Amino acid sequence: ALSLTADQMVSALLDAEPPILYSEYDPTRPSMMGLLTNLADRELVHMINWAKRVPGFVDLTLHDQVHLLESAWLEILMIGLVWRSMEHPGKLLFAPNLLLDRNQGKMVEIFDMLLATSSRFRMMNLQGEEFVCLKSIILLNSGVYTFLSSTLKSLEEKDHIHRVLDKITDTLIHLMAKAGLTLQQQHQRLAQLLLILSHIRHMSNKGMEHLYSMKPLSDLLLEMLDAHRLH
Amino acid sequence: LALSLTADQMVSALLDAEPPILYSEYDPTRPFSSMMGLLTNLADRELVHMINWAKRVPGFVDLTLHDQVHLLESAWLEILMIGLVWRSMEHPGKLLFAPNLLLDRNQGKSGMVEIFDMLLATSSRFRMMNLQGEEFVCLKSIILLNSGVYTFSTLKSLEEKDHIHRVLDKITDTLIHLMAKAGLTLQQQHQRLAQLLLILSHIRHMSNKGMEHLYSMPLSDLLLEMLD
Ligand SMILES: C[C@@H]1CCCN1CCOc1ccc([C@@H]2c3ccc(O)cc3CC[C@@H]2c2ccccc2)cc1
Ligand SMILES: C[C@@H]1CCCN1CCOc1ccc([C@@H]2c3ccc(O)cc3CC[C@@H]2c2ccccc2)cc1
């Protein structure tokens, strides 16, 4: 796991990818928040499956897996959405049957921020292999500064998370080296990619403000993560 | 000529631009309590020096005043926060708001303690990484340039965004150069670059939480007056 090569890391992440789900409406019939909520809830189940396949994640305690997904889940939905939307300028591909433009989004604020991210991804010509690295970084990084714990186990947990994050950095650099970029270009693109994650955090916080405005997730996460081996 | 700077010239430029460390203004001969009031007054005085600082970050005054305002509107609380975390770095468990205002997390209990704890953790993480002064000024400049650059489509705006990203690239070059100079291997350089940049997502998170607090009880006009 920390023993994986760059190519094995990339292969593992690509293999872990969740499916693209559909909105649940009658397409024969003639609302929006309900559709998005239902989609997101279904997507969360698959997200837990994906998370367990990110190298290193199931090495963590269940408490820490819950903490990381509780921190990162909306970021992860958002980056998935932005990736799906990357070749549909001005629109957001929530699902193959739910492609919305900004007028249909009317918070249109969240909507515009997501569109700009998709644009930035298009500008950078983000690759699939880069995307899955970034999404795994979100999963490992977003909650790693907010463990409210300094037990010896917590120190070990945090060290492991940072070692896995380091392996993903190595993997990104390797992908860029393989694509012919100079060392200078390599560190510049690495930086460009990681700085977008700040914007994605911003978007998640804005979205969370919207959802909390609608009146514990940790219990659901724990239920889905704390699986038995009876299958 | 900002894009023509060497890494060493970029670093000297940034170190030279650093704002002063301000004091809280209260009567120290008087009994202690007024916390938000003290922190607000401090933050407001610190904002004026921030504008001065930003105009000295290579490349920033090449931008339109509209875009300078937009970048500082996005980033100002992040910038106050990374400043605080930096001067708190050698004070485990406390936050050095000012040399005469050093607070532990219990004193922050007077929705604040949540923000206090996140800031303390960032100071811890800086301690663990042994963040250097030259790295810190690079990171703070990156916040200034990056935080608002996804939320500005005119020809001018395309040109502005390209310039911002080119300056950000030069600061990335500069970080890597600092790390190479400190004797780190190429692998260690890229790993440390990534570790430093990923802390910026947490600082963004902290800013949004803090903004929720401040709005709970327009700035661009004040920024414009100060920048113009
Ligand atoms: C999944 C969450 C966790 C438990 C309860 N459930 C509440 C609903 O959460 C959401 C999350 C995202 C959305 C929208 C969405 C849907 C699917 C997806 O792949 C991407 C996104 C991105 C954000 C979007 C949204 C978020 C907040 C406010 C409006 C829209 C809507 C509701
Ligand atoms: C400066 C701004 C812009 C216009 C009005 N003015 C109000 C913002 O006020 C604050 C008040 C407190 C802070 C606290 C602080 C003070 C000084 C400084 O160097 C660092 C910080 C870190 C954040 C901190 C804060 C922010 C929100 C809630 C509680 C504490 C930051 C900004």
# chains A, B, ... in the order shown; residues from 1 in each chain; ligands from 1
>>> residues_around(residues="region 16-19 of chain B", least_positions_apart="3", cutoff="7 Å", atoms="only C-alpha atoms", output="PDB file with N, CA and C atoms, in the first residue's frame")
ATOM      1  N   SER B  12      13.397  37.886  -1.517  1.00  0.00           N
ATOM      2  CA  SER B  12      13.785  39.151  -0.896  1.00  0.00           C
ATOM      3  C   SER B  12      12.647  40.154  -0.998  1.00  0.00           C
ATOM      4  N   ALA B  13      12.008  40.200  -2.167  1.00  0.00           N
ATOM      5  CA  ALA B  13      10.853  41.057  -2.369  1.00  0.00           C
ATOM      6  C   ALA B  13       9.773  40.758  -1.317  1.00  0.00           C
ATOM      7  N   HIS B  49      -2.513  47.648   6.921  1.00  0.00           N
ATOM      8  CA  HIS B  49      -1.154  47.214   6.576  1.00  0.00           C
ATOM      9  C   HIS B  49      -1.186  46.100   5.546  1.00  0.00           C
ATOM     10  N   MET B  50      -2.248  45.350   5.524  1.00  0.00           N
ATOM     11  CA  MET B  50      -2.356  44.266   4.546  1.00  0.00           C
ATOM     12  C   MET B  50      -2.407  44.798   3.109  1.00  0.00           C
ATOM     13  N   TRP B  53       1.024  45.752   2.169  1.00  0.00           N
ATOM     14  CA  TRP B  53       1.723  44.547   1.850  1.00  0.00           C
ATOM     15  C   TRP B  53       1.349  44.052   0.450  1.00  0.00           C
ATOM     16  N   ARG B  56       2.937  45.369  -2.564  1.00  0.00           N
ATOM     17  CA  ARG B  56       4.347  45.030  -2.708  1.00  0.00           C
ATOM     18  C   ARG B  56       4.617  43.581  -3.130  1.00  0.00           C
TER      19      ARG B  56
END
>>> residues_around(residues="residue 130 (chain A)", least_positions_apart="6", cutoff="10 Å", atoms="only C-alpha atoms", output="NGL selection string")
:A and (10 or 168 or 171-173 or 175-176 or 190 or 193)
>>> write_last_selection(atoms="N, CA and C atoms", output="PDB file, in the first residue's frame")
ATOM      1  N   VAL A  10      -2.103   4.341  -9.708  1.00  0.00           N
ATOM      2  CA  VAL A  10      -3.054   4.842 -10.715  1.00  0.00           C
ATOM      3  C   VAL A  10      -4.051   3.748 -11.119  1.00  0.00           C
ATOM      4  N   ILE A 168       0.618   9.684  -3.285  1.00  0.00           N
ATOM      5  CA  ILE A 168      -0.204  10.208  -4.384  1.00  0.00           C
ATOM      6  C   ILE A 168       0.512  11.382  -5.063  1.00  0.00           C
ATOM      7  N   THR A 171       2.886   9.990  -7.411  1.00  0.00           N
ATOM      8  CA  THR A 171       2.139   9.442  -8.515  1.00  0.00           C
ATOM      9  C   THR A 171       1.752  10.546  -9.539  1.00  0.00           C
ATOM     10  N   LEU A 172       1.297  11.699  -9.047  1.00  0.00           N
ATOM     11  CA  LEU A 172       0.983  12.843  -9.911  1.00  0.00           C
ATOM     12  C   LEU A 172       2.202  13.282 -10.704  1.00  0.00           C
ATOM     13  N   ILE A 173       3.317  13.399  -9.999  1.00  0.00           N
ATOM     14  CA  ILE A 173       4.558  13.836 -10.615  1.00  0.00           C
ATOM     15  C   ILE A 173       4.971  12.831 -11.694  1.00  0.00           C
ATOM     16  N   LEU A 175       2.960  10.815 -13.465  1.00  0.00           N
ATOM     17  CA  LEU A 175       2.043  10.962 -14.591  1.00  0.00           C
ATOM     18  C   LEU A 175       2.442  12.125 -15.504  1.00  0.00           C
ATOM     19  N   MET A 176       2.852  13.223 -14.887  1.00  0.00           N
ATOM     20  CA  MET A 176       3.270  14.409 -15.618  1.00  0.00           C
ATOM     21  C   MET A 176       4.624  14.199 -16.298  1.00  0.00           C
ATOM     22  N   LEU A 190       1.519  20.509 -10.684  1.00  0.00           N
ATOM     23  CA  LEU A 190       1.186  19.968  -9.388  1.00  0.00           C
ATOM     24  C   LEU A 190       0.551  21.086  -8.565  1.00  0.00           C
ATOM     25  N   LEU A 193      -2.903  22.202  -9.825  1.00  0.00           N
ATOM     26  CA  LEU A 193      -3.935  21.211  -9.461  1.00  0.00           C
ATOM     27  C   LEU A 193      -4.308  21.314  -7.964  1.00  0.00           C
TER      28      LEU A 193
END
>>> residues_near_ligand(ligand="ligand 2", cutoff="6 Å", atoms="only C-alpha atoms and all ligand atoms", output="MDAnalysis selection string")
chainID B and resid 39:40 42:44 47 80:81 84 97 112 210 213:214 219
>>> select_by_dssp(residues="region 77-121 of chain B", states="alpha helix (DSSP H)", output="list in words")
residues 77, 78, 79, 80, 81, 82, 83, 84, 85, 86, 87, 112, 113, 114, 115, 116, 117, 118, 119, 120 and 121 of chain B
>>> write_last_selection(atoms="C-alpha atoms", output="compact mmCIF listing (two decimals), in the first residue's frame")
# COMPACT_ATOMS: atom_id res chain seq x y z
CA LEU B 77 -9.39 36.61 6.44
CA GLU B 78 -7.21 33.74 5.21
CA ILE B 79 -4.29 36.15 5.22
CA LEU B 80 -5.00 37.34 8.81
CA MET B 81 -5.28 33.71 9.81
CA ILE B 82 -2.05 32.41 8.27
CA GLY B 83 -0.32 35.41 9.88
CA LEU B 84 -1.71 34.48 13.28
CA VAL B 85 -0.79 30.80 12.88
CA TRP B 86 2.79 31.80 11.94
CA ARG B 87 3.33 34.00 14.94
CA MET B 112 -15.11 30.91 18.86
CA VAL B 113 -13.39 27.87 20.48
CA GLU B 114 -14.12 25.84 17.27
CA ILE B 115 -12.20 28.39 15.16
CA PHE B 116 -9.49 28.63 17.94
CA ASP B 117 -8.98 24.86 17.82
CA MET B 118 -8.64 24.79 14.05
CA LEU B 119 -6.07 27.64 14.18
CA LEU B 120 -4.11 25.84 16.93
CA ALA B 121 -4.04 22.69 14.79
>>> residues_around(residues="region 114-118 of chain A", least_positions_apart="6", cutoff="7 Å", atoms="only C-alpha atoms", output="PyMOL selection string")
(chain A and resi 82-83+85-86+90-92) or (chain B and resi 150)
>>> residues_around(residues="residue 105 (chain A)", least_positions_apart="5", cutoff="10 Å", atoms="only C-alpha atoms", output="ChimeraX atom specification")
/A:32-33,91-92,100,110-112
>>> write_last_selection(atoms="N, CA, C and O atoms", output="short mmCIF file (atom, residue, chain, number, x, y, z; two decimals), in the first residue's frame")
data_model
loop_
_atom_site.label_atom_id
_atom_site.label_comp_id
_atom_site.auth_asym_id
_atom_site.auth_seq_id
_atom_site.Cartn_x
_atom_site.Cartn_y
_atom_site.Cartn_z
N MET A 32 -36.34 20.42 -8.29
CA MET A 32 -34.91 20.36 -8.56
C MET A 32 -34.08 19.95 -7.35
O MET A 32 -33.25 19.02 -7.43
N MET A 33 -34.29 20.61 -6.22
CA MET A 33 -33.53 20.21 -5.03
C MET A 33 -33.82 18.75 -4.64
O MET A 33 -32.91 18.02 -4.25
N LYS A 91 -22.76 24.20 -18.63
CA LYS A 91 -23.74 23.33 -18.02
C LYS A 91 -23.14 22.39 -16.99
O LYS A 91 -21.95 22.07 -17.02
N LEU A 92 -24.01 21.88 -16.15
CA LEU A 92 -23.56 20.94 -15.12
C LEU A 92 -24.26 19.60 -15.33
O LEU A 92 -25.48 19.54 -15.32
N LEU A 100 -28.05 20.61 -16.47
CA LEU A 100 -28.67 21.89 -16.18
C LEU A 100 -27.75 23.06 -16.53
O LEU A 100 -26.54 23.00 -16.29
N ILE A 110 -23.57 28.79 -6.05
CA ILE A 110 -22.90 27.48 -6.06
C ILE A 110 -22.70 27.03 -7.50
O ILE A 110 -21.64 26.58 -7.92
N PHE A 111 -23.75 27.18 -8.28
CA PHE A 111 -23.77 26.75 -9.64
C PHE A 111 -22.66 27.41 -10.48
O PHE A 111 -21.91 26.74 -11.20
N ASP A 112 -22.53 28.72 -10.34
CA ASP A 112 -21.50 29.44 -11.06
C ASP A 112 -20.11 29.03 -10.61
O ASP A 112 -19.19 28.97 -11.43
#
>>> residues_near_ligand(ligand="ligand 1", cutoff="7 Å", atoms="only C-alpha atoms and all ligand atoms", output="list in words")
residues 33, 36, 37, 39, 40, 41, 43, 44, 74, 77, 78, 80, 81, 94, 107, 110, 207, 208, 210, 211 and 217 of chain A
>>> write_last_selection(atoms="N, CA and C atoms", output="PDB file, in the first residue's frame")
ATOM      1  N   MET A  33     -34.294  20.609  -6.219  1.00  0.00           N
ATOM      2  CA  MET A  33     -33.529  20.213  -5.033  1.00  0.00           C
ATOM      3  C   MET A  33     -33.820  18.747  -4.644  1.00  0.00           C
ATOM      4  N   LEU A  36     -31.788  16.535  -6.911  1.00  0.00           N
ATOM      5  CA  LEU A  36     -30.347  16.574  -6.584  1.00  0.00           C
ATOM      6  C   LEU A  36     -30.030  15.857  -5.293  1.00  0.00           C
ATOM      7  N   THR A  37     -30.897  16.047  -4.309  1.00  0.00           N
ATOM      8  CA  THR A  37     -30.749  15.363  -3.007  1.00  0.00           C
ATOM      9  C   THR A  37     -30.802  13.836  -3.142  1.00  0.00           C
ATOM     10  N   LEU A  39     -30.219  12.027  -5.826  1.00  0.00           N
ATOM     11  CA  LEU A  39     -29.043  11.630  -6.578  1.00  0.00           C
ATOM     12  C   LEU A  39     -27.858  11.563  -5.615  1.00  0.00           C
ATOM     13  N   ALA A  40     -27.688  12.624  -4.842  1.00  0.00           N
ATOM     14  CA  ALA A  40     -26.520  12.735  -3.949  1.00  0.00           C
ATOM     15  C   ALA A  40     -26.537  11.614  -2.901  1.00  0.00           C
ATOM     16  N   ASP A  41     -27.709  11.377  -2.342  1.00  0.00           N
ATOM     17  CA  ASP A  41     -27.834  10.295  -1.353  1.00  0.00           C
ATOM     18  C   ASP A  41     -27.468   8.914  -1.936  1.00  0.00           C
ATOM     19  N   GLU A  43     -25.491   8.474  -4.460  1.00  0.00           N
ATOM     20  CA  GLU A  43     -24.079   8.557  -4.812  1.00  0.00           C
ATOM     21  C   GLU A  43     -23.194   8.325  -3.595  1.00  0.00           C
ATOM     22  N   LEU A  44     -23.705   8.683  -2.422  1.00  0.00           N
ATOM     23  CA  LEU A  44     -22.955   8.511  -1.175  1.00  0.00           C
ATOM     24  C   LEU A  44     -22.667   7.033  -0.839  1.00  0.00           C
ATOM     25  N   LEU A  74     -18.853  16.232   0.484  1.00  0.00           N
ATOM     26  CA  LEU A  74     -19.509  17.146  -0.470  1.00  0.00           C
ATOM     27  C   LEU A  74     -18.458  17.607  -1.485  1.00  0.00           C
ATOM     28  N   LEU A  77     -18.359  14.795  -4.010  1.00  0.00           N
ATOM     29  CA  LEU A  77     -19.471  14.901  -4.973  1.00  0.00           C
ATOM     30  C   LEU A  77     -19.208  16.020  -5.956  1.00  0.00           C
ATOM     31  N   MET A  78     -18.663  17.125  -5.442  1.00  0.00           N
ATOM     32  CA  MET A  78     -18.516  18.298  -6.307  1.00  0.00           C
ATOM     33  C   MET A  78     -17.430  18.051  -7.339  1.00  0.00           C
ATOM     34  N   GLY A  80     -16.474  15.275  -8.623  1.00  0.00           N
ATOM     35  CA  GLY A  80     -17.037  14.320  -9.562  1.00  0.00           C
ATOM     36  C   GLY A  80     -17.934  15.025 -10.571  1.00  0.00           C
ATOM     37  N   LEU A  81     -18.791  15.901 -10.053  1.00  0.00           N
ATOM     38  CA  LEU A  81     -19.692  16.677 -10.896  1.00  0.00           C
ATOM     39  C   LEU A  81     -18.933  17.548 -11.878  1.00  0.00           C
ATOM     40  N   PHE A  94     -25.270  16.824 -13.780  1.00  0.00           N
ATOM     41  CA  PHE A  94     -25.529  16.132 -12.506  1.00  0.00           C
ATOM     42  C   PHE A  94     -25.693  14.645 -12.773  1.00  0.00           C
ATOM     43  N   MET A 107     -28.439  27.154  -5.150  1.00  0.00           N
ATOM     44  CA  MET A 107     -28.186  28.579  -5.342  1.00  0.00           C
ATOM     45  C   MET A 107     -27.358  28.787  -6.622  1.00  0.00           C
ATOM     46  N   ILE A 110     -23.570  28.790  -6.049  1.00  0.00           N
ATOM     47  CA  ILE A 110     -22.896  27.483  -6.058  1.00  0.00           C
ATOM     48  C   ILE A 110     -22.696  27.028  -7.502  1.00  0.00           C
ATOM     49  N   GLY A 207     -21.956  25.225  -0.043  1.00  0.00           N
ATOM     50  CA  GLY A 207     -23.031  24.252  -0.195  1.00  0.00           C
ATOM     51  C   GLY A 207     -23.543  23.763   1.141  1.00  0.00           C
ATOM     52  N   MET A 208     -22.630  23.490   2.077  1.00  0.00           N
ATOM     53  CA  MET A 208     -23.002  23.018   3.408  1.00  0.00           C
ATOM     54  C   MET A 208     -23.857  24.060   4.127  1.00  0.00           C
ATOM     55  N   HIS A 210     -25.856  26.070   2.679  1.00  0.00           N
ATOM     56  CA  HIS A 210     -27.165  25.852   2.038  1.00  0.00           C
ATOM     57  C   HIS A 210     -27.924  24.653   2.654  1.00  0.00           C
ATOM     58  N   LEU A 211     -27.255  23.513   2.789  1.00  0.00           N
ATOM     59  CA  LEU A 211     -27.905  22.297   3.294  1.00  0.00           C
ATOM     60  C   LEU A 211     -28.270  22.332   4.788  1.00  0.00           C
ATOM     61  N   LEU A 217     -24.906  12.719  10.311  1.00  0.00           N
ATOM     62  CA  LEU A 217     -24.333  12.045   9.143  1.00  0.00           C
ATOM     63  C   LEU A 217     -23.270  11.040   9.569  1.00  0.00           C
TER      64      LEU A 217
END
>>> residues_around(residues="residue 152 (chain B)", least_positions_apart="5", cutoff="9 Å", atoms="only C-alpha atoms", output="PyMOL selection string")
chain B and resi 67+70-71+157+161
>>> write_last_selection(atoms="N, CA, C and O atoms", output="short mmCIF file (atom, residue, chain, number, x, y, z; two decimals), in the first residue's frame")
data_model
loop_
_atom_site.label_atom_id
_atom_site.label_comp_id
_atom_site.auth_asym_id
_atom_site.auth_seq_id
_atom_site.Cartn_x
_atom_site.Cartn_y
_atom_site.Cartn_z
N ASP B 67 -9.81 44.07 -9.90
CA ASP B 67 -9.34 42.73 -9.58
C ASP B 67 -8.54 42.69 -8.28
O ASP B 67 -8.69 41.74 -7.54
N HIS B 70 -11.10 42.43 -5.71
CA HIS B 70 -11.71 41.10 -5.69
C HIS B 70 -10.79 40.10 -4.98
O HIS B 70 -11.27 39.30 -4.17
N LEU B 71 -9.49 40.13 -5.29
CA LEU B 71 -8.58 39.19 -4.65
C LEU B 71 -8.50 39.43 -3.16
O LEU B 71 -8.50 38.47 -2.42
N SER B 157 -10.23 40.27 -18.61
CA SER B 157 -10.27 39.32 -17.50
C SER B 157 -9.47 38.06 -17.86
O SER B 157 -8.82 37.48 -16.99
N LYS B 161 -6.37 36.84 -15.58
CA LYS B 161 -6.26 35.49 -15.01
C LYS B 161 -4.94 34.84 -15.46
O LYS B 161 -4.29 34.13 -14.69
#
>>> closest_atom_pairs(of="chain B", to="chain A", cutoff="10 Å", atoms="only C-alpha atoms", output="Markdown table")
| residue | atom | partner | partner_atom | distance |
| --- | --- | --- | --- | --- |
| B:117 | CA | A:146 | CA | 8.5 |
| B:118 | CA | A:146 | CA | 6.7 |
| B:119 | CA | A:145 | CA | 9.7 |
| B:120 | CA | A:145 | CA | 9.9 |
| B:121 | CA | A:145 | CA | 6.3 |
| B:122 | CA | A:145 | CA | 7.0 |
| B:124 | CA | A:145 | CA | 9.3 |
| B:125 | CA | A:145 | CA | 7.7 |
| B:142 | CA | A:195 | CA | 8.9 |
| B:143 | CA | A:195 | CA | 9.2 |
| B:146 | CA | A:195 | CA | 7.2 |
| B:147 | CA | A:199 | CA | 7.1 |
| B:148 | CA | A:199 | CA | 8.6 |
| B:149 | CA | A:199 | CA | 9.1 |
| B:150 | CA | A:116 | CA | 6.3 |
| B:151 | CA | A:113 | CA | 6.7 |
| B:152 | CA | A:116 | CA | 9.1 |
| B:165 | CA | A:192 | CA | 8.3 |
| B:166 | CA | A:188 | CA | 9.6 |
| B:168 | CA | A:192 | CA | 8.4 |
| B:169 | CA | A:188 | CA | 5.7 |
| B:170 | CA | A:188 | CA | 8.5 |
| B:171 | CA | A:188 | CA | 9.2 |
| B:172 | CA | A:188 | CA | 6.1 |
| B:173 | CA | A:188 | CA | 7.2 |
| B:175 | CA | A:187 | CA | 9.9 |
| B:176 | CA | A:187 | CA | 7.9 |
| B:186 | CA | A:183 | CA | 9.4 |
| B:187 | CA | A:170 | CA | 7.2 |
| B:188 | CA | A:166 | CA | 9.1 |
| B:189 | CA | A:187 | CA | 9.1 |
| B:190 | CA | A:187 | CA | 6.7 |
| B:191 | CA | A:166 | CA | 5.7 |
| B:192 | CA | A:166 | CA | 8.5 |
| B:193 | CA | A:191 | CA | 7.5 |
| B:194 | CA | A:169 | CA | 6.8 |
| B:195 | CA | A:166 | CA | 7.9 |
| B:196 | CA | A:191 | CA | 9.9 |
| B:197 | CA | A:194 | CA | 6.5 |
| B:198 | CA | A:194 | CA | 6.7 |
| B:199 | CA | A:145 | CA | 8.3 |
| B:200 | CA | A:198 | CA | 6.5 |
| B:201 | CA | A:198 | CA | 4.3 |
| B:202 | CA | A:142 | CA | 7.1 |
| B:203 | CA | A:198 | CA | 8.6 |
| B:204 | CA | A:198 | CA | 6.4 |
| B:205 | CA | A:201 | CA | 6.5 |
| B:206 | CA | A:202 | CA | 9.9 |
| B:207 | CA | A:202 | CA | 9.2 |
| B:208 | CA | A:205 | CA | 6.8 |
| B:209 | CA | A:205 | CA | 8.1 |
| B:212 | CA | A:209 | CA | 8.8 |
>>> write_last_selection(atoms="C-alpha atoms", output="PDB file, in the first residue's frame")
ATOM      1  CA  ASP B 117      -8.982  24.864  17.824  1.00  0.00           C
ATOM      2  CA  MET B 118      -8.636  24.792  14.047  1.00  0.00           C
ATOM      3  CA  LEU B 119      -6.071  27.638  14.181  1.00  0.00           C
ATOM      4  CA  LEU B 120      -4.110  25.845  16.927  1.00  0.00           C
ATOM      5  CA  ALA B 121      -4.041  22.689  14.792  1.00  0.00           C
ATOM      6  CA  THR B 122      -2.641  24.658  11.860  1.00  0.00           C
ATOM      7  CA  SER B 124       0.810  22.476  15.236  1.00  0.00           C
ATOM      8  CA  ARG B 125       1.035  21.337  11.611  1.00  0.00           C
ATOM      9  CA  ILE B 142      -0.174  32.375  -2.974  1.00  0.00           C
ATOM     10  CA  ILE B 143      -3.307  32.855  -0.848  1.00  0.00           C
ATOM     11  CA  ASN B 146      -5.222  32.206  -5.702  1.00  0.00           C
ATOM     12  CA  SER B 147      -8.181  32.555  -3.393  1.00  0.00           C
ATOM     13  CA  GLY B 148     -10.235  34.810  -5.599  1.00  0.00           C
ATOM     14  CA  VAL B 149      -8.935  33.712  -9.058  1.00  0.00           C
ATOM     15  CA  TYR B 150     -11.732  31.170  -9.722  1.00  0.00           C
ATOM     16  CA  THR B 151     -14.510  33.689  -8.932  1.00  0.00           C
ATOM     17  CA  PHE B 152     -13.990  36.638 -11.281  1.00  0.00           C
ATOM     18  CA  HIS B 165      -1.443  32.202 -12.870  1.00  0.00           C
ATOM     19  CA  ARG B 166       1.989  33.135 -14.277  1.00  0.00           C
ATOM     20  CA  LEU B 168       1.632  31.898  -9.054  1.00  0.00           C
ATOM     21  CA  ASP B 169       3.905  29.746 -11.219  1.00  0.00           C
ATOM     22  CA  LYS B 170       6.879  31.943 -10.381  1.00  0.00           C
ATOM     23  CA  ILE B 171       6.057  31.560  -6.661  1.00  0.00           C
ATOM     24  CA  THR B 172       5.878  27.771  -7.142  1.00  0.00           C
ATOM     25  CA  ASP B 173       9.332  27.953  -8.810  1.00  0.00           C
ATOM     26  CA  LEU B 175       9.259  27.417  -3.239  1.00  0.00           C
ATOM     27  CA  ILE B 176      10.948  24.589  -5.086  1.00  0.00           C
ATOM     28  CA  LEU B 186      13.636  16.173  -5.849  1.00  0.00           C
ATOM     29  CA  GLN B 187      11.121  13.697  -4.399  1.00  0.00           C
ATOM     30  CA  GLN B 188      11.158  15.525  -1.060  1.00  0.00           C
ATOM     31  CA  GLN B 189      10.746  18.867  -2.809  1.00  0.00           C
ATOM     32  CA  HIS B 190       7.565  17.837  -4.580  1.00  0.00           C
ATOM     33  CA  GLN B 191       6.218  16.156  -1.477  1.00  0.00           C
ATOM     34  CA  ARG B 192       6.831  19.246   0.627  1.00  0.00           C
ATOM     35  CA  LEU B 193       5.340  21.553  -2.009  1.00  0.00           C
ATOM     36  CA  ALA B 194       2.202  19.429  -1.950  1.00  0.00           C
ATOM     37  CA  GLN B 195       2.061  19.261   1.876  1.00  0.00           C
ATOM     38  CA  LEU B 196       2.325  23.086   2.098  1.00  0.00           C
ATOM     39  CA  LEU B 197      -0.299  23.748  -0.560  1.00  0.00           C
ATOM     40  CA  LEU B 198      -2.772  21.287   0.995  1.00  0.00           C
ATOM     41  CA  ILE B 199      -2.681  23.246   4.251  1.00  0.00           C
ATOM     42  CA  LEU B 200      -4.166  26.155   2.212  1.00  0.00           C
ATOM     43  CA  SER B 201      -7.390  24.187   1.830  1.00  0.00           C
ATOM     44  CA  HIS B 202      -7.675  23.988   5.620  1.00  0.00           C
ATOM     45  CA  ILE B 203      -6.972  27.734   5.876  1.00  0.00           C
ATOM     46  CA  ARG B 204      -9.757  28.351   3.372  1.00  0.00           C
ATOM     47  CA  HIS B 205     -12.024  26.167   5.489  1.00  0.00           C
ATOM     48  CA  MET B 206     -11.136  28.195   8.602  1.00  0.00           C
ATOM     49  CA  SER B 207     -11.854  31.471   6.807  1.00  0.00           C
ATOM     50  CA  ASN B 208     -15.322  30.302   5.743  1.00  0.00           C
ATOM     51  CA  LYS B 209     -16.114  29.223   9.288  1.00  0.00           C
ATOM     52  CA  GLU B 212     -20.014  32.618   9.021  1.00  0.00           C
TER      53      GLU B 212
END
>>> residues_around(residues="residue 103 (chain B)", least_positions_apart="5", cutoff="9 Å", atoms="only C-alpha atoms", output="PyMOL selection string")
chain B and resi 93-97+108
>>> write_last_selection(atoms="C-alpha atoms", output="compact mmCIF listing (two decimals), in the first residue's frame")
# COMPACT_ATOMS: atom_id res chain seq x y z
CA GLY B 93 -1.49 25.54 22.74
CA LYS B 94 -1.90 29.31 22.41
CA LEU B 95 -2.72 31.89 19.81
CA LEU B 96 -0.50 35.01 19.62
CA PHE B 97 -3.04 37.50 18.35
CA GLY B 108 -11.46 31.57 23.43
>>> select_by_dssp(residues="region 1-222 of chain B", states="strand (DSSP E)", output="list in words")
residues 94, 95, 96, 97, 98, 101, 102, 103 and 104 of chain B
